[PDB]
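So the structure is just underneath, and the comments pick up after that.
Positions of Cβ are backbone-derived with ideal geometry, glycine not excepted, and every protein chain shown enters the neighbour counts. No value in this document is a laboratory result; all are computed from the given coordinates.
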Amino acid sequence: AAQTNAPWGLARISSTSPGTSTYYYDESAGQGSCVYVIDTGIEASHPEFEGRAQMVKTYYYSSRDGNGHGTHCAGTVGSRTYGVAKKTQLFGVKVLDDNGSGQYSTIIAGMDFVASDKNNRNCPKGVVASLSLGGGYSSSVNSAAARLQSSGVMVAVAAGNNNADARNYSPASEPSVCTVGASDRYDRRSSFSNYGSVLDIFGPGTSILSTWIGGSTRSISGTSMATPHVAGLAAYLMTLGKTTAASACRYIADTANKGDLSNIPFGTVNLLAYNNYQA
Ligand SMILES: [Ca+2]
């Protein structure tokens, strides 16, 4: 399959070189997989989700996305136009309020929720979680992310936007999950992206067009935007039978475009997510 005039990030994930604008992918498109988006929620009624999105949990007085951030992330995972895995099922877990804030205890509860709730969903090709959130180091937050991964969910988490070493942030610093840095259209590390030995992979994170609340669309930037590219890629690869939740991060790193990014600090991986699709 080929989507012409795709967002640059989708084109990049299917390309050995920057500067192209068509997204190429196997038509299976993540069918039979599920991705949980743990964030501010998802506007499920957005035409771009085609009935494939559902709120499953909230810790606040509403499950609606009153922010936009979660809807944007969900769109990059699996909207028809802006998504990597255009046939995946999307499940929203609102651990962040409409200001994008959340107490660590609520975030941890949301991760443990997904670890159980996947047993209530039909996801024969496998389960992914995209966590576009972060705060300072907390062993408890890291441990929750490790449990979620351990339960059989491919966990992708944002490295953070501090232009700092991700070892000081959680869940970014958790070794057993997939920590994702952000890059730009010109294959440079995004200026805000955290870095460090704890990073596993880079994905497109600067100027990312995707869905927003009120049925609209928006371009925004963050390691929160790179993460769902990787989450979506994982879902896509799992439906293709190429990998499993346990080894998808490893598989993505093994099959990445290597040594192509600039401004990568010494000791940080130079690996950009790539679907290796031969059209
Ligand atoms: Ca690891």
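Observations on the model:
- Residues that are under 14 Å from the mean Cα position of the chain (by Cα) and not in a strand (DSSP E or B), drawn from the stretch 207-232: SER221, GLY222, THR223, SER224, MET225, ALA226, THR227, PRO228, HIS229, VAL230, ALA231, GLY232
- Among the residues here, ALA235 does not qualify as within 16 Å of the ligand (Cβ to nearest atom) and within 16 Å of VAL157 (Cα to Cα).
- From the list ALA85, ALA11, the lone residue that is within 22 Å of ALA253 (Cα to Cα) and assigned to a loop (DSSP other than H, G, I, E, B) is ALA85.
- Applying the condition of being outside any loop (DSSP other than H, G, I, E, B) and surrounded by fewer than 24 Cβ atoms within 10 Å (Cβ to Cβ) to the stretch 182-194 and asking which residue is nearest to the ligand (Cβ to nearest atom) yields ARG189.
- Residue match in the stretch 134-149 (condition: part of a strand (DSSP E or B) and surrounded by 18 or more Cβ atoms within 10 Å (Cβ to Cβ)): no
- Index of the failed condition, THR179 passing every other in (1) assigned to a strand (DSSP E or B); (2) touching an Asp or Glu at 6+ places or on another chain (Cβ under 7 Å); (3) more than 16 Å from the ligand (Cβ to nearest atom): (3)
- Filter result (free of Cβ contacts under 8 Å to residues at least 60 places away in the same chain and buried (at least 19 other Cβ atoms within 10 Å of the Cβ)) within the stretch 27-49: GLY41, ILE42, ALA44
- Residues that are among the acidic types (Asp, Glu) and within 19 Å of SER21 (Cα to Cα) within the stretch 180-222 comprise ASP184, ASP187, listed in sequence order.
- For the stretch 200-232, the candidate set comprises residues that are among the polar types (S, T, N, Q) and over 21 Å from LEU133 (Cβ atoms); within that set, the residue that is nearest to the ligand (Cβ to nearest atom) is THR217.
- Near pairs, Cβ below 8 angstrom, 6+ apart or cross-chain, from the stretch 252-271 (surrounded by fewer than 20 Cβ atoms within 10 Å (Cβ to Cβ)) to any residue that is among the acidic types (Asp, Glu): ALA253/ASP200; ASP260/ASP187; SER262/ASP187; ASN270/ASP260
- Applying the condition of being away from the ligand (no atom under 15 Å from the Cβ) and in a loop (DSSP other than H, G, I, E, B) to the stretch 249-264 and asking which residue is farthest from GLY196 (Cα to Cα) yields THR255.
- Scanning the stretch 89-110 for residues that are part of a strand (DSSP E or B) and either touching a residue at least 60 places away in the same chain (Cβ under 8 Å) or among the β-branched types (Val, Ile, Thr) (or both) returns a single hit, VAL93.
- Among (1) farther than 30 Å from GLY259 by Cβ; (2) among the hydroxyl-bearing types (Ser, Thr, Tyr); (3) in contact with a strand residue (DSSP E or B) (Cβ under 6 Å, 6 or more places away or on another chain), the one test that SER14 misses: (1)
- Every residue from the stretch 195-206 that is touching a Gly at 6+ places or on another chain (Cβ under 8 Å) and either not aliphatic (A, V, I, L, M) or not in a strand (DSSP E or B) (or both): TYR195, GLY196, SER197, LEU199, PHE202, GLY203, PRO204, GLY205
- Check on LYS125, charged (D, E, K, R), crowded, with 17+ Cβ neighbours inside 10 Å and touching a residue at least 60 places away in the same chain (Cβ under 8 Å): yes
- Number of positions in the stretch 111-122 that are without any contact (Cβ under 8 Å) to a residue 60 or more places away in the chain and charged (D, E, K, R): 1
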